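Enquirer: A structural model of the following input is requested.
(7 chains)
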Amino acid sequence: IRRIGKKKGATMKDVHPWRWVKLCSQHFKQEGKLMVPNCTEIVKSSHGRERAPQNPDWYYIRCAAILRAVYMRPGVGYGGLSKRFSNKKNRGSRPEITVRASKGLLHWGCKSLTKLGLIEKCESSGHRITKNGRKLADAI
Amino acid sequence: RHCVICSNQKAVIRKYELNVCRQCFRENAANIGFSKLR
Amino acid sequence: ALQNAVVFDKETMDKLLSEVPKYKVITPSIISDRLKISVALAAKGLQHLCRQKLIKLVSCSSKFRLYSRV
Amino acid sequence: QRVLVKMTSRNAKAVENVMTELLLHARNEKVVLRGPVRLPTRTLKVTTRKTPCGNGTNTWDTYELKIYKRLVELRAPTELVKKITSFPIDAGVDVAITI
Amino acid sequence: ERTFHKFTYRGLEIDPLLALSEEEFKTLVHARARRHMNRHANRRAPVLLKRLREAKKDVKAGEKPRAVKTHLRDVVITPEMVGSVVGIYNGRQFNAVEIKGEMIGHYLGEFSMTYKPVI
Amino acid sequence: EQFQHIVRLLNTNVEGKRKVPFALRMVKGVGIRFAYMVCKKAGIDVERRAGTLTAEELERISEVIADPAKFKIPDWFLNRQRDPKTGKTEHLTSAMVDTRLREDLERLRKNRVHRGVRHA
RNA sequence: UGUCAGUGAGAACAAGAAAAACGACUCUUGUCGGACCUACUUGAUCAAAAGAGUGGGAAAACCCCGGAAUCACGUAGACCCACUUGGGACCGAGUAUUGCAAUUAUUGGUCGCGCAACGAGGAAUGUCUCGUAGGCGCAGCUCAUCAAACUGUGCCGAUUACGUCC
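Expert: Numbering: from 1, shown residues only, chains lettered A, B, ... in the order given. Take a look:
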């Protein structure tokens, strides 16, 4: 492993591959974007970036944790049931992305459902995160 | 469900860990090896 | 000044530029405690002025940041 | 492969008479003896209302069992295992295994 | 004949509905109806279900077909043999006057009281 | 001149806000429908609703509301689906609410049993 | 509601405890696998609910035996001092799941109504001094099926007092 948490994985490993991936297309954009991504919304899926805060991160989780997928990988999914029926709030996940995200890894920086690196492209291209921000970073 | 050491089916059936001893209460009907110490 | 305001207007922005350096401590809150526009885009209003150096940023952070007269 | 002996019992001082004492017979005598330290001891906890009616202070109990699982290991006895498992007869719920 | 109804039920009048079978009916209608029909297919009662058709054949009344009562509140109202009138079970009430059209795919029960709310 | 301004959409004044979907809910909709917002030809948010027929192109939005089945957009967001006397109806708004209700206001409330009488 | 704060995203990270076996099939000179869970993949060239196949376990094996809430976050997110984008309770339409039988039983689901209540709430009154109070989540329990309940484990974790007897 190598990916995530070596550059600050929370907010300084995300925006940089995001820019690069939208600038030249790579990952899935399949219809289903509008549909509920996180439990019991009263709003739309998000204000902007419906399924473009997702894809590399959903590779990252499975990478460093070795073959967490489809039921384990929603482990680092979310759901609080933040609106509820006046009972004690409980955790959930929405399966929608699981299918698409186990498809993903066969292209771009990972190989297979057993081996999750190639040259580990994301790491190498993320070495310029530290050097210079692309967001006007506070710490750079 | 139903019980096998009564036929009452009411006054509550234990089926926890595959035993019934609450249609004949376990305080009265001990020697199952349980003890209370804490 | 006036109590309610979504608005983008000539007056809005022209007033803004004069009022911002007046205070010794500038936050998104106090600009909408003048009430000229809502707290919401009052935030953005300060950012892209501070970026052009009408203000001094204090915190290495945004949102719950504060600012000062430059 | 290597044969192991797990002895599962409700009570201590039944299993004790098995492991310590009667493994001496298999210690280097016919096979070699690798002692680890026995597996974690489960509790079976049950909670029973004391009162047989709805008027009390709504009291309850805590009843517990110990489950002692005593594991010691050997290095491949075959046909010798017959001796090993015929040794305890000293208490009920003494059960032994062979791989 | 001696049955009088109006449906207009998913755009379908009396004629198209009784042309369709119960099998094709449930593909249109309620989640409930599907499950009941599927698992009740083996036996729905021979003679009760018979008598609902039999009373239709009978004549010399303009009144809806009179048919033997039920103790069952669990039986569906089918598109076929509709307007067949039975005493819907309750321990005080039997109603022949809560069987009308626009009740297909709905239970025979959910009727004949069970409480009289007062005050 | 504007830039928070009342809007007639059911011939009913509803005041603007500085967010489009949130204000639009008063017209008989909700957020989760207005993921159609992206395809309503102003997917932008943090925008006035005095922006009607200028930067919102109101007429566009008012088509999506009425039939989203002309558009390709997923019809899992429909308010009514496969009614008991008709097919699907794409939305619930205005007088079109009342129509469906009345039919089942006589039927439903008949029901007798525990929960039946509670609904009655 | 501004002391999760309301809808969005991402990060790091927990502990007891539950589970399996039918004279039902097959197997022989005296007899083996199906009512438990979880893994993995199809379930997205197009939703959720939900379908099915492969794989392991009698548990320190169950895939890392243990994870997503309280929390962290300026990613320069969105809302922003309103009964709203704060809250749900009523109400109608659809569908799948469970079962010997459902009659909102189903409910982890869609999407309406929210502009229905209610703005810390008179008199009165409850109980705790430390890892406690308070806040938060998970499992067990009951058992066709449902936990705002009960029982147990864990997480975040104070203010005041340490006195008197009115």
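Enquirer: straight-line length of stretch F:103-119, end to end?
Expert: Using C-alpha to C-alpha, to the nearest Å, the end-to-end distance of stretch F:103-119 comes out at 15 Å.
Enquirer: what about residue 12, how many residues nearby?
Expert: I went with chain A, as the question did not name one. Neighbours of residue A:12 under the rule other C-beta atoms under 10 Å in any protein chain shown: 18. Using the backbone N, CA and C atoms, a C-beta is placed for each residue, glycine as well.
Enquirer: let's do chain E instead
Expert: Neighbour count for residue E:12, taken as other C-beta under 10 Å: 18.
Enquirer: how much space separates it from RNA strand G?
Expert: As judged by C-beta to the nearest atom of the strand, to the nearest Å, residue E:12 and RNA strand G stand 14 Å apart.
Enquirer: which SS class is the residue most central in space within chain A?
Expert: Centroid-nearest residue in chain A: residue A:57, 2.7 Å away (criterion: C-alpha atoms, centre = their mean). Using DSSP: H, G, I helix; E, B strand; the rest coil, the secondary structure recorded for residue A:57 is helix.
Enquirer: would you mind listing what in chain F touches chain E?
Expert: F:82-87, F:107, F:110-113, F:116-117 (C-beta under 8 Å from any C-beta of the partner chain).
Enquirer: find the closest residue to chain C in chain F.
Expert: Residue nearest to chain C within chain F (C-beta to the nearest C-beta): residue F:4, separated by 4.0 Å.
Enquirer: what is the burial count for the closest residue to residue C:21 other than its chain neighbours?
Expert: Sequence neighbours aside, residue C:69 is the residue nearest to residue C:21 in space, at 5.4 Å (criterion: C-beta to C-beta, 6 or more residues apart in numbering or on different chains). Neighbourhood size, residue C:69 [other C-beta under 10 Å]: 13.
Enquirer: now the helices for chain A?
Expert: Taking DSSP state H, the helices of chain A run over residues A:15-23, A:55-65, A:96-104, A:121-125, A:127-131.
Enquirer: C-alpha coordinates for the fourth one, CSV please?
Expert: What follows is helix A:121-125, C-alpha atoms only, in CSV (Å, rounded to 0.1, in the frame of the first residue of the first chain):
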residue,chain,number,x,y,z
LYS,A,121,-0.2,6.4,-10.4
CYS,A,122,-2.2,8.4,-7.9
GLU,A,123,0.7,8.5,-5.3
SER,A,124,3.3,9.6,-7.9
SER,A,125,1.0,12.3,-9.5
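Enquirer: is it positioned near RNA strand G?
Expert: No: under the criterion of C-beta under 7 Å from any atom of the strand, RNA strand G is not reached by helix A:121-125; the shortest gap measures 12.4 Å.
Enquirer: for the longest one, same thing?
Expert: Yes: for a cut-off given as C-beta under 7 Å from any atom of the strand, helix A:55-65 has contacts with RNA strand G, namely A:57, A:58, A:60, A:61, A:64, A:65.
Enquirer: and that helix, what does it pack onto?
Expert: Packing partners of helix A:55-65 (3 or more C-beta pairs under 8 Å, 6 or more residues apart in numbering or on different chains; DSSP states H and E): helix A:15-23, helix A:96-104, helix A:121-125.
Enquirer: among these, which is nearest chain F?
Expert: Going by C-beta to the nearest C-beta, the one of the helices and strands packed on helix A:55-65 nearest chain F is helix A:96-104, 12.0 Å.
Enquirer: ok, and what's touching the closest one?
Expert: Outside of helix A:96-104, the residues within contact range by C-beta atoms under 8 Å, 6 or more residues apart in numbering or on different chains are A:27-28, A:30, A:32, A:35-37, A:51, A:54-55, A:58-59, A:62, A:69-71, A:73-74, A:110, A:113.
Enquirer: buried subset of these as a PyMOL selection?
Expert: The following PyMOL line selects those of those that are buried, judged by 16 or more other C-beta atoms under 10 Å in any protein chain shown:
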select buried, chain A and resi 27+28+32+35+37+51+54+55+58+59+62+69+73+74+110
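Enquirer: where along chain B do the helices fall?
Expert: For chain B, applying DSSP H gives no helices.
Enquirer: find the centremost residue of it, please.
Expert: Taking C-alpha atoms, centre = their mean, chain B has its central residue at residue B:21, 1.1 Å away.
Enquirer: name the nearest residue to that one, ignoring sequence neighbours.
Expert: Nearest residue to residue B:21, sequence neighbours excluded (C-beta to C-beta, 6+ apart): residue B:29, at 5.7 Å.
Enquirer: relative to chain F, how far out is the one you found?
Expert: The spacing between residue B:29 and chain F, counted by C-beta to the nearest C-beta, to the nearest Å, is 38 Å.
Enquirer: quick one: that residue and residue B:19 touch, right?
Expert: No: applying C-beta atoms under 8 Å, one finds residue B:29 not in contact with residue B:19, separated by 10.9 Å.
Enquirer: tell me, how many residues neighbour the nearest residue to residue E:11 once chain neighbours are set aside?
Expert: The shortest distance from residue E:11 to any non-neighbouring residue, by C-beta to C-beta, 6+ apart, is to residue F:86 (6.6 Å). Residue F:86: 14 surrounding residues under other C-beta under 10 Å.
Enquirer: repeat that for residue E:107.
Expert: 19.
Enquirer: next up, the contacts around it.
Expert: Taking C-beta under 8 Å, 6+ apart as the test, what residue E:107 contacts is E:73, E:74, E:75, E:76, E:77.
Enquirer: what's the closest non-adjacent residue to residue 58?
Expert: All of this refers to chain A. residue A:101 (4.4 Å).
Enquirer: correction: the question concerned chain F.
Expert: residue F:52 (4.1 Å).
Enquirer: over to residue F:104?
Expert: Nearest one to residue F:104, counting by C-beta to C-beta, 6+ apart, is residue F:84 at 7.4 Å.
Enquirer: check residue F:76 too.
Expert: residue A:35 (7.2 Å).
Enquirer: from chain B, how far out is the residue lying farthest from the centre of chain A?
Expert: In chain A, residue A:86 marks the outermost C-alpha relative to the chain mean, sitting 31.3 Å out by C-alpha atoms, centre = their mean. Look at residue A:86 and chain B: by C-beta to the nearest C-beta, they are 29 Å apart.
Enquirer: residue D:63 contacts residue B:37, doesn't it?
Expert: No: Residue D:63 lies out of contact with residue B:37 (C-beta under 8 Å); the separation is 9.3 Å.
Enquirer: so which of the two has more stuff around it?
Expert: A count of neighbours by other C-beta under 10 Å puts residue D:63 above the other of residue D:63 and residue B:37, at 19 against 6.
Enquirer: bridging residues for the more buried one?
Expert: Following DSSP bridges, residue D:63 is listed with bridge partners residue D:46.
Enquirer: quick one: contacts for it?
Expert: B:26, B:34, B:35, B:36, D:45, D:46, D:47, D:48.
Enquirer: backbone phi and psi for the second one, please?
Expert: Dihedral pair for residue B:34: phi -70, psi 150, per degrees, to the nearest 10.
Enquirer: number of residues surrounding it?
Expert: Applying other C-beta under 10 Å, I find that residue B:34 has 17 neighbouring residues.
Enquirer: for residue F:51, same thing?
Expert: When neighbours are counted by other C-beta under 10 Å, residue F:51 registers 19.
Enquirer: widest-spaced pair of the contacts of residue D:63?
Expert: Largest separation among those by C-beta to C-beta: B:35 and D:47, giving 14.2 Å.
Enquirer: residues from chain C in reach of chain A?
Expert: With C-beta under 8 Å from any C-beta as the criterion, chain C comes near chain A at residues C:60, C:61.
Enquirer: ok and the residue in chain C nearest chain B?
Expert: Residue nearest to chain B within chain C (C-beta to the nearest C-beta): residue C:64, separated by 49.7 Å.
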